[PDB]
Amino acid sequence: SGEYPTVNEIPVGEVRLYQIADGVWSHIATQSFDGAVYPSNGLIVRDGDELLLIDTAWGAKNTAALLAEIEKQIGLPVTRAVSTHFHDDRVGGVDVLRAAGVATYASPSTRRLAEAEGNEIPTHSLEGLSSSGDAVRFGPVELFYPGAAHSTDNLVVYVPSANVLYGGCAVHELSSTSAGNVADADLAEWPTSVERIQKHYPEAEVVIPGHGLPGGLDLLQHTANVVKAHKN
Ligand SMILES: CC(C)c1cccc2c(-c3ccc(C[S@@](C)(N)O)c(F)c3)c(C(=O)O)[nH]c12
Ligand SMILES: [Zn+2]
Ligand SMILES: [Zn+2]
């Protein structure tokens, strides 16, 4: 009822949306992995009379539920989606999106990693993002490659109209003490990549992590701290 959704408020198999700013929502869904249940976020950005989706809802049925929730709550068509790295919480559901007519996009690095992992593969390659510090425009957002962090391919997304920074899985929520699933991370480079984010987007007003609650700029330094505590 207005608080940021968690697993305890999302009915089984459903998705919730949360209004972040004018024309900006996050989407929240729950999934089980290796016997534990996790929340995950994505983003929705209004693009005139269409919508841009960032990240799937972590699985085929969750992503179908996401599309239905969007139609119920917003009622504008999702025409494009970007996945911000190759893990299932970002691409699992891309087949559902594609079959619904959504054009799906990711960097070439994410596409290669997804294919090699056996994960669903976005259709279209996003060039211009292969070097740390690169940025490109995509509809109403900027896509930025900060360098290796949670994964070597992770992208962040900035919504300039609202000063919303969607960090994806390179950014952790404030309540975290641990650094999440680091199987594919570069813990040594992650703080440098976070520093690049901080330098590029110093006016961000909302920071959204890939899992957990949004907050402010503090999420960036906090993420560096938790990653360093893990590495130690
Ligand atoms: C490879 C993908 C599909 C995957 C599977 C299972 C879990 C994760 C996580 C993850 C794990 C723990 C926390 C809470 S803590 C931060 N306190 O450690 C968490 F927030 C996330 C992440 C992630 O970190 O993105 N990915 C996961
Ligand atoms: Zn991941
Ligand atoms: Zn993640």
Side-chain angles (χ1 to χ4, degrees), residues 1-47 49-106 110 114 119-120 122 139-141 155-157 159 162 164-169 171-173 175 180-181 206-215:
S1 307
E3 294 313 300
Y4 199 79
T6 74
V7 299
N8 298 306
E9 296 90 46
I10 300 225
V12 182
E14 308 192 1
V15 170
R16 291 296 182 261
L17 311 184
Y18 182 88
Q19 186 95 64
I20 295 285
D22 177 41
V24 183
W25 303 257
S26 67
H27 64 82
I28 313 84
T30 303
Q31 188 55 268
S32 289
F33 181 93
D34 287 21
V37 175
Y38 305 89
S40 83
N41 301 316
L43 205 72
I44 304 160
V45 186
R46 193 168 58 227
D47 182 16
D49 50 27
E50 304 168 359
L51 303 171
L52 174 61
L53 183 61
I54 310 298
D55 290 330
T56 67
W58 198 349
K61 289 174 77 178
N62 277 349
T63 300
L66 170 61
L67 296 174
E69 195 71 14
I70 293 174
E71 179 46 40
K72 170 172 177 183
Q73 297 297 347
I74 306 173
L76 295 170
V78 177
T79 55
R80 299 183 290 186
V82 171
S83 295
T84 60
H85 66 278
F86 74 100
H87 286 159
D88 192 64
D89 58 321
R90 309 294 125 195
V91 299
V94 152
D95 289 348
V96 161
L97 296 177
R98 180 161 39 239
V102 179
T104 57
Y105 294 81
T110 293
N119 293 346
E120 295 158 52
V141 307
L155 301 181
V156 304
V157 179
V159 188
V164 174
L165 178 58
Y166 174 85
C169 305
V171 175
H172 280 292
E173 75 173 322
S175 64
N181 187 336
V206 178
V207 179
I208 304 167
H211 306 265
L213 267 61

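The basis for the numbers below is simple: all heavy atoms, side chains too, and nothing from hydrogens, waters or symmetry mates. Position 1 is the first residue of the sequence; numbering continues from there.
In this structure, the side chains of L52 and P140 come closer than 4.5 Å at one or more pairs of heavy atoms. Taking 4.5 Å as the limit, some side-chain heavy atom of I10 sits within range of a side-chain heavy atom of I28. Between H27 and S40, every side-chain heavy-atom pair lies at or beyond the 4.5 Å cut-off. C169 is not listed as a side-chain neighbour of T84, based on a closest heavy-atom distance of 4.5 Å or more. The side-chain heavy atoms of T56 and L66, taken from C-beta on, include no pair separated by under 4.5 Å.
Using cut-offs of 30° and 60° on the angle between ring planes, the pair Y38 and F33 is perpendicular.
With rounding to the nearest 0.5 angstrom, the CG atom of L43 is 11.0 Å from the CG atom of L17. Atoms OH and CG, on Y105 and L97 in that order, are 12.5 Å from each other to the nearest 0.5 Å. For the atom pair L165 CG and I208 CD1, the distance stands at 8.0 Å (nearest 0.5 Å).
Partners of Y18 by ring-ring contact (aromatic ring centres under 6.0 Å, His included), not counting sequence neighbours, listed by chain and number: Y4. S32 meets the side-chain hydrogen bond (donor to acceptor under 3.5 Å, both in side chains) test with no other residue; sequence neighbours excluded. Here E120 pairs with nothing under the side-chain hydrogen bond (donor to acceptor under 3.5 Å, both in side chains) rule; sequence neighbours left out. Scored by the side-chain hydrogen bond (donor to acceptor under 3.5 Å, both in side chains) test, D47 finds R80 as partners (sequence neighbours excluded). Evaluation of the salt bridge (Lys or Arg N to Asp or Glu O under 4.0 Å) rule for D88 yields no partner, not counting sequence neighbours. In terms of the side-chain hydrogen bond (donor to acceptor under 3.5 Å, both in side chains) criterion, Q31 has no residue partners (sequence neighbours excluded). Judged as a salt bridge (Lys or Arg N to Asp or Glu O under 4.0 Å), and not counting sequence neighbours, the contacts of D22 are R46. Every ring-ring contact (aromatic ring centres under 6.0 Å, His included) that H85 has, sequence neighbours left out, goes to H87, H150. In this structure, the side chain to side chain contact (heavy atoms under 4.5 Å, CB included) partners of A29, at least two apart in sequence or on a different chain, are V15, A57, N62.
Side chain of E173 to main chain of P214: no donor-acceptor pair is present (N/O by atom type, distance under 3.5 Å, no hydrogens or angles). Without hydrogens or angle criteria, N41 side chain to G168 main chain gives no donor-acceptor distance under 3.5 Å.
Residues in residues 89-105 take part in these salt bridge (charged side-chain N to carboxylate O under 4.0 Å, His left out) pairs, two or more places apart or across chains: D55-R90, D95-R98.
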What side-chain donor-acceptor pairs closer than 3.5 Å can you find for residues 67-77, not counting sequence neighbours?
{"residue": "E69", "atom": "OE2", "partner": "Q73", "partner atom": "NE2", "Å": "3.0"}

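Taking both residues in full, the closest heavy atoms of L51 and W25 are given as CD2-CZ3, 4.3 Å, listed atom of the first, atom of the second, then distance. Contact between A106 and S83 at its shortest, heavy atoms only, is CB-O, 3.8 Å.
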